Each structure stands twice: as structure tokens, then as C-alpha cells.
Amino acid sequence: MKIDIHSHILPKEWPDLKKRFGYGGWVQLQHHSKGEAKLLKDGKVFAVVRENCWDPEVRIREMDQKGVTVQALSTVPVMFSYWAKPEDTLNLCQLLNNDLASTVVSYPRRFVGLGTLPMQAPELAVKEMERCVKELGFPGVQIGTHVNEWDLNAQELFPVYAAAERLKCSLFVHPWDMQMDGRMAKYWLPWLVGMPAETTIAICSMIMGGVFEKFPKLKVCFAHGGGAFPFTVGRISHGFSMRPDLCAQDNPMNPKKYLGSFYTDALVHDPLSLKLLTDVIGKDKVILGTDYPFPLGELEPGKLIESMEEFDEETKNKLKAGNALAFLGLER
């Protein structure tokens, strides 16, 4: 019900990428029947999306109706494409970022853009970041919770962080590329459980990798209330204290010292979790985020926030829009 930091969109169409690049494993969007499109990844329909996933005029009507003022638009994490050749992911990121830039310029009072990067190639990612910031005007980018066998602690990724820091370019971290098969194939576990564990790992990798210590001005927001982190910080903090040989090897400060140093969205569904999220992360560091237009997201944006009896107005306004603005470096 003011700013939604967490929302995904696709271009309506893009060229056959297998043809474009020479190898398969990409996703396309097919428009078969009305107000619906199939996402495929070699072979199968991966997911069905409705027109709010591509048509910004539809997004505006839904936003008007829900009282959402601005959505920060980012691609669908399936498009990250960190597994492809570096130049080809770059080519794709340019197409998705421009398309994103084009939607934003059409409604620059209702949308901001969070771009995508070829993270598997930190020199290309820096360049594409500069362009997103300087040429495209995006306040930030969305990145995966990991990049192939790299976690957010990886040294290779360090230039990317120094660039983001320097460019005043915010990072929205989104869990992606969990295990989808084996034990994880049933009960939508990769989404229910594997996503919040991915995020929990990412936060851990960034704290214990020293990322926040190297780059104290890096602005970073994690997805879904930081996964399990706000609840298991005790275990993480105490275990860090207990086994510095395994945990304090790169950054000697206890994880608990970085509570306050990063943001999460507020997408945790119940009041008790939200209250704990703010207690643990702080009321300046939690941002309304919705996962629009996906069904695992908040159906009525901001409704969980508005219903918290304990929060005064100032707090509610922080969580709905204020914190978003600090995290993006923009003005109301």
C-alpha cells in the first residue's frame, strides 16, 4: 500500500534465444490463448503467467486498486541465466534492462527499475551495472542468492560490490536456483523451504565473507524477510562464537553486529513473523515487498503491515514506503 520493492515482470516477447546464441536451456514466453502465456524451458511449460506479468497497463490498474504507488520492477529470477556463456547472458541482460528501462520511462512516477547482470562474469557485470545506473537511471539491481558454485562471499564477486558501492547502486538479493528434484520434488518445497534457506545462506555468506565490512556503504536487501535468518540468528551467532576456526576465518565480527546493516522485504505472511523481523532487523531496515504477480506473494499489498496493532503510524509509514526510499536513495 505505498512502495512494493519486490515485483517481477517480463517483456511481452523476445527472440528465440537458442537461435540467437546457439545452444538451448533458455526460457521463452508463448502467447497461445487470451490473457495468459506459457513459460517454457527446454521441453515443458514451467509456469503459466497472466497479462499482469508483462502488460504494464494492467499492472497500473491492479496498483490503483490495491493502493500501491510504486512497484520496483525486476525480471523473473528464472531469467538470471548465470549458467550461460558470459557474453550471451550480457546480451540478454541488455535486452531485459532496456525493456525494463522502457516500461519505467512510460510511468516514472509508478515504477523504478532493478536491473539484471551477468554475475558469472564480474567485469561484464560491472559494465552493465554502470550502464544501468548512468544510462538507464536504475537505482539498483536484483541478483541471485548464489552464482553457479559461487556464494556471495566469493572474492571474484568483490569488484561487482565495489562498483555497486561506488555507483550508489542498491542490491536486491533474490533466492534462485535451489534444488528442484530428488527429495525436493514434492510439496513445492523448493519455494516453501528451499527459497528461504537460499536466502539464509546468502546472508551468512555475506556476513562471514566480510562483504559488509569491506563495503560499509553497500546497500543490500534480502528477499522474503531474509529467509530463516531472523529466527536462526541465535544459532548462527552462537555457533560463530563457538567455532571461529570454521566461521571467523574471513570476518572476525559476530554476525549479530551486522543486524542493522542490511534490509529485508517484509514478505513473511504472519504478524508474529513480521514483529520478529522488525525486532531483529530493525524498523528502518524492513521494506514492503509483495512478489507480485506471483501467487506465493501478498495478495493484498501492505495489509499485514496495516493490521499490526502495536506499530504506530510512523513505523507503518517506514515499512510501506519510507524504508524503500532510503534503500533506493530516492525522494517522495
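Residue positions are given as counts along the sequence shown, with the first one as 1.
Enquirer: On mean C-alpha B-factor from the PDB entry, just flag whether 71-79 or 207-215 is the higher one.
Expert: Higher of the two, by average CA B-factor, is 207-215.
Enquirer: Pick between 25-33 and 262-270: the one whose mean CA B-factor in the entry is higher.
Expert: Higher of the two, by average CA B-factor, is 25-33.
Enquirer: Looking at 224, 131, 235, 256, which has the highest CA B-factor as recorded?
Expert: In this record, 256 carries the highest C-alpha B-factor of the candidates.
Enquirer: Going by the deposited entry, which of 102, 249, 142, 145 has the highest CA temperature factor?
Expert: Comparing C-alpha B-factors across 102, 249, 142, 145, the maximum falls on 249.
Enquirer: Determine, from the deposited record, the chain-internal third of the Cα B-factor for residue 239: lowest, middle or highest.
Expert: According to the entry, residue 239 has a C-alpha B-factor in the chain's highest third.
Enquirer: Compared with the other modelled residues in the chain, in which third is the CA B-factor of residue 158?
Expert: Highest third, going by the recorded CA B-factors of the chain.
Enquirer: If you rank every modelled residue in this chain by C-alpha B factor, which third holds residue 46: lowest, middle or highest?
Expert: CA B-factor rank for residue 46: highest third.
Enquirer: Taking the values exactly as deposited, rank residue 245 by C-alpha B-factor within its chain and report the matching third: lowest, middle or highest.
Expert: Highest third, going by the recorded CA B-factors of the chain.
Enquirer: Splitting the chain's C-alpha B-factors into thirds, which one does residue 325 fall into?
Expert: CA B-factor rank for residue 325: middle third.
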